[PDB]
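In the block that follows, a single chain appears as structure tokens, in the form deposited without the ligand.
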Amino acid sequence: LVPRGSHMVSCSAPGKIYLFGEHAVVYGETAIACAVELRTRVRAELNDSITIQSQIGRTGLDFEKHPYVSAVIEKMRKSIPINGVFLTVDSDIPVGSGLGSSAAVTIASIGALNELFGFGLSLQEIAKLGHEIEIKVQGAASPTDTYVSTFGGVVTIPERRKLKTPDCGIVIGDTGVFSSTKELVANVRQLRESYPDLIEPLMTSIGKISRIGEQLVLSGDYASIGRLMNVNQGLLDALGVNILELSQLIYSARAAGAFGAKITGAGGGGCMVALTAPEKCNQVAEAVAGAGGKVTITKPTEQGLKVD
């Protein structure tokens, strides 16, 4: 094959929302993720030393300001030497939120170095490597985020089967309220401990939504996907992870015609998501904006990691 050893290479990897079933996976259940068109992009250039540039600054190998890129380099250079590289990182995935910001930079960086230095990694090896980098950086991590970012589209969890991509707009509304992903996993579990006979069946019912929903994703019945999303949001409210500002955004989106709307990610703050007809995306976005949410307008993405 054609040498490309000096070719500047850019890779991108998407963030993701949950159609159903966040919070339920740890307790054995099925969920359905959808990658979206908000990407982190990483361009890799041959260089005499290691330089990493992003909105945070220009560094060398710096595990404090550039933890993920730095960990990727540290791990891959054990296989094939990396004498030098200039990496430039830019992201359209909103700073913090279950949308997969650290998984996207991890996967894009692996992609870009894979290409530039010829590691010949397949997508499955990339996903597993990414998972490994998040463990190294965070202490402990679920493989789901790096897998969805790698392969893109709609993915059932944890069987990892690809479902047809819906032709819908996605509005993300950020409440601007901070919450700890650990503290909320901690409270779901606790309420679960105090009333086991009540809370266990609820996770079971969220699991059921994905099984019903799989079938609606296949037939493109977005109106029913939306009705289920709404049911799932109510189950999340029963689990204790909703707040007033999330309901505020959710109810505006629904009133403006969204198929459905729900928390995406851990809850307690952060973002909600609305699934809309493409021709109604703007109107839902304006209603969420009107209500004070920080709005991003996006759509599902068919591809995961890609050489741009």
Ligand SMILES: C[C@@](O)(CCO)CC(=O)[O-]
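Numbers follow the displayed sequence, beginning with 1. For the two forms, the rigid core is made up of the largest set of C-alpha atoms that agree within 1.5 Å on superposition.
One more form of this protein should be noted, the form solved in complex with the ligand, which is absent from this view; the next part is about it.
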{"query": "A256, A266, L239, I50 - the one with a heavy atom within 4.5 Å of the ligand in the bound PDB entry", "finding": "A266"}
{"query": "Residue among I243, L46, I56, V26 with a heavy atom within 4.5 Å of the ligand in the bound PDB entry", "finding": "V26"}
{"query": "Any non-hydrogen atom of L198 within 4.5 angstroms of the ligand in the bound PDB entry", "finding": "no"}
{"query": "Any non-hydrogen atom of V185 within 4.5 angstroms of the ligand in the bound PDB entry", "finding": "yes"}
{"query": "Region of this chain that lies against the ligand in the bound PDB entry, out of 275-283, 58-66, 33-41, 258-266 [heavy atom, 4.5 Å]", "finding": "258-266"}
{"query": "Core-aligned CA displacement of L46 at least 2 Å between this form and the one not shown", "finding": "yes"}
